[PDB]
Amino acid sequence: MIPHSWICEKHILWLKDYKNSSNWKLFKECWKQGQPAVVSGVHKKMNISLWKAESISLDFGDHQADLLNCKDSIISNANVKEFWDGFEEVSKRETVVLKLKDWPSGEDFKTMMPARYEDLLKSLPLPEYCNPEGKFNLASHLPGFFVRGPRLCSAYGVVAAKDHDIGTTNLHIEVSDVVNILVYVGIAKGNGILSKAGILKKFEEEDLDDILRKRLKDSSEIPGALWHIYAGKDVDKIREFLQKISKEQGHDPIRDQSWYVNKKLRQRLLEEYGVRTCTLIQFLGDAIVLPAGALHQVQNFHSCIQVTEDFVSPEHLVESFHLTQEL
């Protein structure tokens, strides 16, 4: 048997055993219909010490890069060194929510962080699809022009700012199939920030599936980020909704990646267009697998380091090619 549940109105496949070699057989069935999946425990496969903030900070902290303020997408005054100093120490940062996006990425990730890249390839779940040598992955086989390498993203949590209208990743469409693994969760301290225990209670105030609540009540799990995921089929409805809300407040808002859809807006989106949200908490070691054309947004509660890898399954190639040609 392949241990699993379905989360969020039975829409997301939770594959509960990262060591099960047959995970792909169950995944094949749900993927066919564009359903997301999450595989938990991938951090036990990884050399997780390699992915700690202290380590990543030291290795690649010499490279200068732009830091984004997540509230307004204005590029910050902070340098990379200041970003990492503030990752878990709030007083070194109302403080702002910073993101260090796609640094490094692609060939630079492979070459500048070779041991992490090797660890990644070794640890990717559902390797039949997500690994470059997987039999259902077309990524390394297609001509160049069909396709849009790994990306690292690090960002503070929104808790210190006390502003859960901030997205650390704004609502946007993904162009290829993607797997996102939460590889580090940093508990921030000082400046009156809510503690680890209070942050758990804030996760508990979210509208969650019971299966998610059980995990949240498991003291060995470490929750990091809040995800909202939408079907690609609903994109035109969501675009209209955001154009409407925009007009009420005084143009393609999905292409702009300019919106975090907060609690009140998600509820109105459901009422006024019937568009449903999948809610997920991503715990340390969770690999969230999304098909091309799916939309999602992320809100870190704690500081999080995510690694994302692109792949190309047959199931979403047509949709992927179209979206890539469009970009």
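Residues carry their position along the shown sequence, with the first being 1.
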property	result
Extent of unmodelled deposited sequence, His251 relative to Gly250	4 to 9
Deposited residues omitted from coordinates between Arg148 and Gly149, as a class	1 to 3
185 to 193 versus 150 to 158 - which carries the larger mean C-alpha B factor in the record	185 to 193
Mean Cα B-factor comparison, 62 to 70 or 264 to 272, giving the higher one as deposited	62 to 70
Candidate residues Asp165, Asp119, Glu128, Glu94, the one whose C-alpha B factor the record puts highest	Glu94
Candidate residues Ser246, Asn170, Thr111, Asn180, the one whose C-alpha B factor the record puts highest	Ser246
Chain-wide C-alpha B factor ranking for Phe27, given as lowest, middle or highest third	middle
Chain thirds of CA B-factor: placement of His228	lowest
Cα B factor band for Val312 (lowest, middle or highest third within the chain)	middle
Third of the chain's Cα B-factor distribution that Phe203 belongs to, per the entry	middle
For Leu98, the third of its chain into which the C-alpha B factor falls	lowest
